[PDB]
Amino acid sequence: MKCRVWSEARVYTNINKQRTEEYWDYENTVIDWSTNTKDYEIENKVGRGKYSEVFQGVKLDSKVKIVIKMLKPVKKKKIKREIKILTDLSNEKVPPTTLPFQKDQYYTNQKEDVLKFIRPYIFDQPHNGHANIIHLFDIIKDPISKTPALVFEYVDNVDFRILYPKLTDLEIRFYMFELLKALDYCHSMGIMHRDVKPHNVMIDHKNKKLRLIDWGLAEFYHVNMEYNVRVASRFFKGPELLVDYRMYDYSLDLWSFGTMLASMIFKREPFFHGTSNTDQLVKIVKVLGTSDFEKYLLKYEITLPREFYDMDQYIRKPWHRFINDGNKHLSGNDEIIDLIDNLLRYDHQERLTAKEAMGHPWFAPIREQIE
């Protein structure tokens, strides 16, 4: 019970008050494992992560090419959670983001100081963000090896350190818009991803196809719940995770989105490159400045963890300072800088929501092409 000032999501606050136990209570599910991998031919390894080794394969009945994610040992409820989130997201008959926009059902946090963060622009159209969520096809467990495994849609993906340097300005705008649609959708479904980063964004460039994968750290948003802060990876951790503000929400994904975006635009990878947990916060404050950092700690009456007391005073780095001739083709306009500036804010309440980000001027050339 850490938090002094309490916080609620600006938007989609009450999804899991609307939805019941059978939707969000993953701990009280029983996983219906398939006894056999007999339906699948498992081929070669195509990727890995902290929690898995992932193999390409074929679903033999249909000949559809798939991937199989072999899960490393973890608490069993983490497995139930990933499965529940993936099935909630794929099984929704009418994705809320396909329905006509309802402002009063969107801006649900009615605190006067939170309402001031409503932007003058917003993408208010129905969209297909649900189609950017990876699809789970099966759950399997080998009887002999006892390895839990998740069968997904295959995406023909190239490592971001190869692909991203090739992308044009317009292509970055396109893909990042696709990512925002996926986030708007999972947020509308009362779910925070909490591990938004390039390795978790599959892109098939020739098919202009984007999928948001890796739902193993995702969690249901419940109003005033205090969550574990030891999630995501160091480089993408929002300030709330570092200062141990546990009452966070969907806006954590928008900090991650912003840090991913800042890396692509300024070609500094990763953008906040901490050499330790402690130094991760230092790298952030070196950029956003000490002054706003202290205003933020004051706003929520946060007592800084002990490790951060050796931090020096930093003057804010204007974003302009990240522009150079190597990156100016991506960074050399006011729109991208204002976008980044409005995502990468200490105060999570201040950050653009996915829908607000989608209506930002920087995405005009993408929005223009929708109709």
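Numbering starts at 1 and runs along the sequence shown. The term rigid core refers to the most C-alpha atoms you can superpose between the two forms while keeping them within 1.5 Å.
**Student:** Looking at C-alpha RMS in 4 other deposited structures of this protein with the core superposed, is it 136 to 144 or 253 to 261 that drifts more?
**Tutor:** Relative to the shown form, the greater RMS C-alpha distance in 4 other deposited structures of this protein belongs to 136 to 144.
**Student:** After a rigid core fit, does 95 to 103 or 145 to 153 show more C-alpha displacement in 4 other deposited structures of this protein?
**Tutor:** It is 145 to 153 whose C-alphas lie farther from the shown form in 4 other deposited structures of this protein.
**Student:** Which of the two stretches, 182 to 190 or 227 to 235, shows the higher mean Cα temperature factor in the record?
**Tutor:** On average, C-alpha B-factors are higher across 227 to 235.
**Student:** Using only C-alpha atoms and the B-factors in the entry, which stretch averages higher, 123 to 131 or 69 to 77?
**Tutor:** Stretch with the higher mean C-alpha B-factor: 69 to 77.
**Student:** Per the coordinate record, which of the options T168, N157, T259, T147 holds the highest CA temperature factor?
**Tutor:** If I rank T168, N157, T259, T147 by C-alpha B-factor, first place goes to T147.
**Student:** Which of these has the highest Cα B-factor in the record: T97, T275, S263, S251?
**Tutor:** If I rank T97, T275, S263, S251 by C-alpha B-factor, first place goes to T275.
**Student:** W319's Cα B-factor: lowest, middle or highest third of the chain?
**Tutor:** Middle third by C-alpha B-factor.
**Student:** Going by the entry, which third of its chain does the Cα temperature factor of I140 land in?
**Tutor:** Highest third of the chain for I140's C-alpha B-factor.
**Student:** What third of its chain's C-alpha B-factors does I340 belong to: lowest, middle or highest?
**Tutor:** For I340, whose C-alpha B-factor we compare with every modelled residue in the chain, the answer is the lowest third.
**Student:** Ranking the modelled residues of this chain by C-alpha B-factor as given in the entry, is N200 in the lowest, middle or highest third?
**Tutor:** Bottom third by C-alpha B-factor.
**Student:** Lowest, middle or highest third: where is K206 by Cα B-factor in its chain?
**Tutor:** Within its chain, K206 is a highest-third residue by C-alpha B-factor, going by the deposited values.
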